[PDB]
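Heads up: the structure comes next, in structure tokens.
Number of protein chains: 4
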Amino acid sequence: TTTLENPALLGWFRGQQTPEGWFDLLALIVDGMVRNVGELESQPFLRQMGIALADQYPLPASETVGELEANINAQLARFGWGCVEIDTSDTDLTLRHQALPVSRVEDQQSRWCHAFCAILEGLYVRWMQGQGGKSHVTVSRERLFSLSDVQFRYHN
Amino acid sequence: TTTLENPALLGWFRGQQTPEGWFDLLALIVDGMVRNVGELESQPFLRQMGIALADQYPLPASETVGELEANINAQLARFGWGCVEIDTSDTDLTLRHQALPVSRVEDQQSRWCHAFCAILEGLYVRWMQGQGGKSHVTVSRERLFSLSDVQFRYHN
Amino acid sequence: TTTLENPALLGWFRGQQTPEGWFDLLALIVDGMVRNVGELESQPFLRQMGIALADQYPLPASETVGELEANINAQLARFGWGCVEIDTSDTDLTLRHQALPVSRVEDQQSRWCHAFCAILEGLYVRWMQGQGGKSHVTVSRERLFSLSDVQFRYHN
Amino acid sequence: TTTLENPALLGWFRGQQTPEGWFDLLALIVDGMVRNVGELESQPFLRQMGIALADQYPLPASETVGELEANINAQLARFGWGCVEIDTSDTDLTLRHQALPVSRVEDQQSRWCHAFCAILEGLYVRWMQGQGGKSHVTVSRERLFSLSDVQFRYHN
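Chains as they are written, first to last, in the authors' numbering: chain A, 2 to 157; chain D, 2 to 157; chain B, 2 to 157; chain C, 2 to 157.
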């Protein structure tokens, strides 16, 4: 019942989500690389980076979608990146990610968001491969609700 | 626009608000003392402790209510206790405190809330005397909306 | 090769050991209570509080002294209170606690140290009882090296 | 006084110095970029990145070398990157940086260190420009103590 209509509370929450120092340097590195190389051709390489991240922190075996959601939520809370929820459709899966991190500089924010989204793709794929998913099965974007909310579609 | 209808997000937020270890020991000490002495009989003494805390961290002088609100919000965010907002009436002031810390054990939580409210009173008094307030002018609790929302009244 | 001969490094380490806000309030409460009641008279009651804390965070079963040391070290690292090492004699055990937390105010600090030691006693006892230790065993101090180094002696 | 001869204490200290998640991703990005491009021709670009970082957080005016050391130490402690000390020679300045961050992967760690060093260079330059120094003056390495200690020479 405790909302964030007061700007001070949301400001404190967003500031505590991303601690000082490291995040600014990471944003600067990513923005410099994407400006120097380009938008589209940088999509694959970044994805590979995400895959490597999933090699660092494997998850235990899961038998139901609820348990997988619990493990993913626990790991994301450990990272302090936000939260995600799972939904099942007639044939495909949907992941709703909320409370997306926001850079302090407003002008570059948009670009930054796109870059960050790409990374998540790679990571998510390997986690879904934890149950034995095939290597050629991937995920792609479908829509962007706002600057701090995204949804992903998983299909075989 | 990022609400907390998902229990995972609010759980992570509340867990990050109060880090492990120190908060549990503080809650145990306060609960033991209040059980040994009593809710009313310990109300004055606790107040004094709050005043002592305000001696540690003075605030700079302010000329407007908005500036005082800004300073109080900055200090509270530094403590990571939540947020408060000021409202002015024809004769009295009102403080609205949101996102009150909640103990992990739900059984004692009610009692805990009351205890916490008491100490806040004392602290607020000293800060209000930062602008030249008299010693004999105090504040008193008037109503409790829920387990995580309080309001104080400043009057002569 | 990472020494603390430079005061700034040790200052930052000690400041990050005890996060802002909660620790000052806890120190104020403990100091007020011990001044009101007395150093010896408050020694037993505090111990009981420690016991309650050990009920919150149980440890898994241990078979060797090294494994138990690993569990205790992991829990203390989770608390961020410092480190402890175990030594075994012909009949009794010794626990050396290093990097004890230090209050910001130098004048009261000595008193604070004593109080803190008392709490640890209770906690340690229940953890030692985790393998089936009986109630009649006790833990007592023997000597204090300095303001940030303690040693406890356990005998049957 | 309180040494770190016990590996557990230094392990906890290093683990707290770099929180989980962000640091691993930053290390992965830097390592991938340097592998893709090369160590030497990647030296200039990284430097410029550091300059950009110094654009974010200007320092207040300082009149003495000790005051500048105090400001730099305060900012570094705010970042939680370690500590640095200033020494003056017959014609040039020397900066001794201690407790350098260390990556969790031991194999790549050495490479990481070199990369990190480059960034610091650029940053330091702009901070030395805070006292009206011209842009043409730079800093360079002279020798490396170990994996967690470095020294820089500032000459005109």
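Where is the CB? At the ideal position from N, CA and C, for every residue including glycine.
- Here the alpha carbon of residue 26/C sits roughly 13 Å from the alpha carbon of residue 29/A.
- Put simply, the CB of residue 49/A is near chain C, with a gap under 9 Å to one of its CB atoms.
- Counting only residues of its own chain and dropping the five nearest sequence neighbours on each side, residue 60/B has a CB closer than 6 Å to the CB of 72, 131.
- If the five residues before and after residue 112/C are omitted, its C-beta is found closer than 6 Å to no C-beta atom of its own chain.
- In the DSSP secondary-structure assignment, residue 132/B is not bridged to any residue.
- Residue contact check for residue 108/C against chain B: no CB pair falls below 9 Å.
- In terms of CA proximity to residue 143/C, 93/C leads the group 93/C, 66/C, 128/C, 135/C.
- At a C-beta separation below 9 Å, residue 152/A has no neighbours in chain D, since its nearest C-beta there lies roughly 14 Å away.
- In the three-state DSSP reduction, residue 91/D falls in the coil class, being neither helix nor strand.
- For residue 18/D, the CB contacts under 7 Å within the same chain, skipping 5 residues up- and downstream, are 81, 102 in chain order.
- Any Cβ of chain D closer than 9 Å to the Cβ of residue 92/A would place that residue at the interface, and such an atom is absent.
- Annotation for residue 63/D: 69, 72, 132 place their beta carbon closer than 7 Å to its own, counting only its chain and skipping 5 residues before and after.
- The beta carbon of residue 146/C lies closer than 8 Å to those of 152 in the same chain, with the five residues before and after it left out.
- The beta carbons of residue 58/C and residue 96/C sit no closer together than 9 Å.
- For residue 156/B, the secondary structure class from DSSP, reduced to helix, strand or coil, is strand.
- Under the Cβ distance rule, residue 13/B does not count among the residues neighbouring chain D, no pair being separated by less than 9 Å.
- For residue 72/B, no CB of chain C lies under 9 Å from its own CB, so it is not counted at the interface with that chain.
- Counting only runs of 4 or more residues that sit fully inside the region 24–66 of chain A, the alpha helix (DSSP H) segments are 43–57, in chain order.
- Residue 86/B carries a strand assignment under DSSP once its states are collapsed to helix, strand and coil.
- Under the Cβ distance rule, residue 84/A counts among the residues neighbouring chain D, one pair being separated by less than 9 Å.
- Take residue 123/D, set aside five residues on each side of it, and the residues of its chain with a beta-carbon closer than 6 Å to its own are 48, 51, 52, in chain order.
- At a C-beta separation below 8 Å, residue 57/A has these neighbours in chain C: 25.
- Sequence-distant Cβ neighbours of residue 15/A in its own chain, meaning closer than 7 Å and more than five residues away, are 103.
- Between residue 7/B and residue 20/D, the alpha-carbon positions lie close to 29 Å from each other.
- Beta-bridge analysis with DSSP links residue 139/B to 156/B.
- In the structure shown, residue 105/A adopts coil according to DSSP, grouped into three states.
- The Cβ of residue 81/B sits closer than 9 Å to at least one Cβ of chain C.
- Remark: C-beta atoms of residue 78/D and residue 9/A approach each other more closely than 9 Å.
- For residue 53/D, the chain B residues whose Cβ falls inside 9 Å of its Cβ are 29, 33, in order along the chain.
- In the DSSP assignment, residue 126/A is bridged to no other residue.
- By alpha-carbon distance to residue 116/D, the top candidate from 35/D, 4/D, 22/D is 35/D.
- With respect to chain D, the C-beta atom of residue 22/B has a partner C-beta closer than 9 Å.
- When DSSP states are grouped into helix, strand and coil, residue 96/C belongs to the strand group.
- Residue 148/C sits in coil when the DSSP states are folded into three classes, being neither helix nor strand.
- Assignment of residue 7/C by DSSP, reduced to helix, strand and coil, places it in the coil class.
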